[PDB]
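Worksheet: one structure, shown below.
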Amino acid sequence: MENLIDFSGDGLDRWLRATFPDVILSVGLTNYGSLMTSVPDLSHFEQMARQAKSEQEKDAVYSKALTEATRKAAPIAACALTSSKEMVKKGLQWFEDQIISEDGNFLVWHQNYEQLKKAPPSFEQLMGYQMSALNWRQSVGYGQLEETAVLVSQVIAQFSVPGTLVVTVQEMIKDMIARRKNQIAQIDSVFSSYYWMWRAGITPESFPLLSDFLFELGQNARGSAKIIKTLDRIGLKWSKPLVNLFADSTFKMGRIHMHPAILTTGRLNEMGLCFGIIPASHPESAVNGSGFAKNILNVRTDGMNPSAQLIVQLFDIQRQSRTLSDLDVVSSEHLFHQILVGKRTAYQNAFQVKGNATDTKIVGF
Amino acid sequence: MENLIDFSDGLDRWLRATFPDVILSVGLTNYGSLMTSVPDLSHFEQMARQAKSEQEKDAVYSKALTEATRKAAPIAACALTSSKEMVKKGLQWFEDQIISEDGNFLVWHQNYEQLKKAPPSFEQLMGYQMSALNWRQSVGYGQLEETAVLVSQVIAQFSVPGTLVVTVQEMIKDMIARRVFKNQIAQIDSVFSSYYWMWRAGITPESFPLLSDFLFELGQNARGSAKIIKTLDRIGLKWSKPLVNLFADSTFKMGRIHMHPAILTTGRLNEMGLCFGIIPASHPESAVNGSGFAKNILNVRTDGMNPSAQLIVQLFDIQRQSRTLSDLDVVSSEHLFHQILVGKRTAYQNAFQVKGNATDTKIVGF
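Each protein sequence line maps, in turn, to chains B and A. Numbering-wise, the first sequence is residues 1 to 9, 11 to 181, 293 to 477 according to the authors' numbering. Numbering-wise, the second sequence is residues 1 to 8, 11 to 181, 291 to 477 according to the authors' numbering.
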C-alpha cells in the first residue's frame, strides 16, 4: 500500500498530533514518549518456562516474554522519524552515494558480505562499519532528536537498583563476562537495518510491505523456522531477497563474532525497532503496541528503576528457559549491556562510548 | 618403559648428569634453554601465500611454529614438570579431589561432556582457576621462578624495534576484533589442564612415558589434527583411547575462545607438549635435539632486541598470509602474544591473578 508516515517542513510533531489525536504519550516510565503506563508483570512465564520441554518450546517462552515486556516501551516519535517517507528515501539513497564515491569504509565489509556470513570480521571491517554508521546518520540528518543522538561519553560506572535485585544484576554482570578506544563491534540498529533494507532491494514503494510485516512480528513472537516459511511463500514478491541475506544456517560460531551488518531471523528484531513499531500502511494501529527487545532501552533507570525490574524478570525467565540457542541481539545480557553503555533508546549510536560495561558496579538503594 | 626423569639440589645435578655437555643459555630466553639464535622464518612466507587448501595453509603456519619454538623451552622447568615425583603427586591430587566433594573442582569436572558443546558459566571458570591454584599449592609446583604463580598487573607499555611497531599494533587490533581478574577468568593454566587431561585419560606414573614419548615425537615435526587423531585412535593403542575420547574438536562449535580451559582438543595437545613433551621420559638425553611447542615462545626474552616480538611478528605475518580460516585457539599467534602481554615469562607460570587488559597495552618503538 502507501507509506502514510509522511511529513515534511514541525512536520514530525504535526504528524503525530494528526495521526494520534487521542493518544497520550508518557515519560513516567520511559525516557521518551511512549505508550507505557505500567511495568509488565511477567510472573506467569515461570510456569510456562518450567513446562517447556523442547528447545523450540523453551525459546518460545522467552520470546513471548520479551514481546510482552516491551510491547508498549518504544519511543513513538523516534519511530515515526525512522520510518517516515523522507527518511526512508534519504536513508536508502546513502548506499548508492557510497557506491558512487567508492567509500572504503563501506566497501571493506559490504563487498565481503558473503564471506562474513560464515567468518568473523577483521578490525578494519568493524571500524569501517562504525565509521559508515556515523557517516550515514550525518548524511541523512538522523540525529534531529535526543532519541536519535550519537553518544560521545563513558559507560555507566555504577548502576543503582532496588536492593532485592542487586545479586541477580550482579549475576548478569558475571554472565556477560563468562560469555566473553571505543565499542568496536556494537550494532547500530538503525544503520544496519537500513543496510539490510537496501540489500533486500526494498524501495520507497515496497517499504510498507516490510514495515507492515515487521509490525506483525511485534504483535506475536514467531520463531526462526516460522519466519522463514512466512517470508518464503509464493504470495510475497518483496521478501525473497531479505531472506537470502539470513546467516542463520551459515554462521557456525557464536553470534557475538558475527559482523554487525550481517542479518539473521533473530536480527529482524533490530529492523522491528526501526520499521515495525508503526505499521506504515496503517499507522493508527500503533496504539496497540509492538514488542521488540530493544524497546527496553527506552525504559527509565531512575526512580524505582523499572528498567532493572524488567531486565531481571527477563533474565530469570531466560535462565528458566535455558537452551543452547544463540539468542544474539535479544539475549537479556545483550540488552543489559546496551543499557550499561548508556543507550536511552535503541536509536542512539554508542560507538564513541569509552570504558567497559562489565566493569560497572551494582549498588542497591 | 620407565620414567628416567627422577631426582630427589637434585634438579641441577640431574641436568648435569643427563646433559653433561650442553650449556643452557639465557641470552635469548628468560630461563636456561637450548636456544642460541633467533630462527629466521622468512622462507615460510612464499609457502604461506602459495598454499591453497585449508590443510595446506594450516600446515605452513604449524611448520613455522615448530621451527620458531624448537629450542626455546626452559629445560629445568620441563624436567620438574615431568619428574617422577611431580607426576605422582600431581596425579594423586585429582584422585583425592574426586572423592572430596570440592565444588570448585566438581562444578566443571562433572560437566565435562556438557562443556564439550557449550560455553562455561562464570562459576565453572572461577572454580577452575581456584582449582589450578589449589593444585599448585598442594603439589608444591611453584619450586622455581619458572613455575611460579604471578600476582601482578598487565604491563602498560610493550617496547619493540621500530620496524615492528605497526605490525605489533595490528596484532593488538586483531586481538580486539576476535573479542578484578575478570579479564583473566578464562585463562588456561597450561600445567594444571595438562595434568587434568593426563588424569582423565587414565595415565598413571607407570604409563606416563608412553604419553611423554608420543608428545616428544610430536614436537619434532608439525602434524595435522587428523593425523594426530590417527596416531592416537589406534585399533591397538589402549593407553591413548581415553585421551582421544576427551577431544572436543567436532563437538564444540561456538569458537574456541569460549571453550572452558579444562576441555581438550587435538590443538590443545600443544599444551600437554609443554609439560611432558620437551624431554622424552624414557630417553631424556634425546632432548638435546629440541622440541617445538607453541608456548615455548613465552620463554623468549622481551628485553634486548626483543626476540620475542621478532618471532611473534614473523608468526603473525605467516598466519595472516596463509589466509587460514581455522580457529587455531591455543597456537594462534595473537593468543601467544596475549600471554606475553599478561606477563608470562614461561608457559609454566600461572597468570590468573594479573590485573588489567592486554589489549590496552601501548606499543612503542625503541
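All C-beta atoms, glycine included, are put in the ideal place defined by N, C-alpha and C.
- The C-beta of B/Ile178 comes closer than 8 angstroms to at least one C-beta of chain A.
- The three-state secondary structure of B/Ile429, taken from DSSP, is helix.
- Neighbourhood of A/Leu127 in chain B, by CB distance below 8 angstroms: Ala179, in chain order.
- Rounded to the nearest whole angstrom, the CA to CA distance from B/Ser397 to B/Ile390 is 7 angstroms.
- Uninterrupted alpha helix (DSSP H) stretches at least 4 residues long and entirely within the segment 312 to 378 of chain A occur at 319 to 329, 336 to 343 and 352 to 355, given in chain order.
- The alpha carbon of B/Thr169 has as its nearest neighbour, out of B/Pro121, B/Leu426, B/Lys466 and B/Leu4, the alpha carbon of B/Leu426.
- Using a C-beta cut-off of 8 angstroms, the segment 88 to 108 of chain A makes no contact with the segment 397 to 411 of chain A, since fewer than three inter-stretch Cβ pairs fall below that distance.
- Secondary structure of B/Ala19 (DSSP, three-state): helix.
- In the structure shown, B/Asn3 falls within a coil segment according to DSSP collapsed to helix, strand and coil.
- The beta-bridge partner set that DSSP reports for A/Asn461 consists of A/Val151.
- Cα atoms of A/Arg138 and A/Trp110: separation of roughly 18 angstroms, rounded to the nearest angstrom.
- Think of a sphere of 7 angstroms around the beta carbon of A/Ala120: the chain B residues whose beta carbon falls inside it are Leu436, in chain order.
- For A/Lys473, the enclosing beta strand (DSSP E) begins and ends at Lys473 to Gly476.
- When the Cα atoms are used, B/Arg181 and B/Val162 turn out to be separated by approximately 24 angstroms.
- The segment 456 to 468 of chain B makes contact with the segment 143 to 162 of chain B, as at least three CB pairs between them are under 8 angstroms.
- By the criterion of at least three beta-carbon pairs nearer than 8 angstroms, the segment 16 to 28 of chain A is not in contact with the segment 51 to 61 of chain A.
- CA-CA distance, B/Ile178 to A/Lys65, rounds to 35 angstroms.
- Secondary structure note for B/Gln145: it is in no alpha helix (DSSP H), with a DSSP letter that is neither H nor E.
- Straight-line spacing of the CA atoms in B/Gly29 and B/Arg456 works out to 14 angstroms.
- In terms of Cβ geometry, A/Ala81 and A/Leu13 form a close pair [threshold 8 angstroms].
- Using a CB distance cut-off of 8 angstroms, A/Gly415 does not count as an interface residue toward chain B.
- Across the segment 365 to 390 of chain B, CB contacts with chain A closer than 9 angstroms involve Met365, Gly366, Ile368 and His369, in sequence order along the chain.
- Annotated as proximal: B/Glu382 and B/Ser304, with beta-carbon spacing under 8 angstroms.
- Nearest to B/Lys59 by C-alpha distance, out of B/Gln432, B/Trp308, B/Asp428 and B/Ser443, is B/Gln432.
- Collapsing the DSSP output to three states places B/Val162 in a strand.
- Annotation: B/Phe463 to B/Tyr130 spans about 10 angstroms, alpha carbon to alpha carbon.
- Contact holds between the segment 298 to 314 of chain B and the segment 362 to 376 of chain B, because three or more Cβ pairs, one in each stretch, are under 8 angstroms apart.
- The beta carbon of B/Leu447 is closer than 7 angstroms to those of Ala405, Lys406, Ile408 and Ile423 in its chain, skipping five residues each way along the sequence.
- In this chain, the alpha helix (DSSP H) harbouring B/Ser102 covers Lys86 to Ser102.
- Taken through DSSP and simplified to helix, strand or coil, A/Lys119 comes out as coil.
- If you compare the alpha carbons of A/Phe292, A/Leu322 and A/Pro121 with that of A/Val89, the shortest gap goes to A/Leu322.
- When the beta-carbon positions are compared, B/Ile429 and B/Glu47 come within less than 8 angstroms of each other.
- B/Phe387 and B/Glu148 have their alpha carbons spaced roughly 15 angstroms apart.
- Inter-residue distance for B/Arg345 and B/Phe325 is about 13 angstroms (C-alpha atoms, whole angstroms).
- With a 10 Å radius around the Cβ and a threshold of 16 neighbouring Cβ atoms, A/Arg367 comes out buried.
- Rounded to whole angstroms, B/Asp104 and B/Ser8 show a C-alpha spacing of 30 angstroms.
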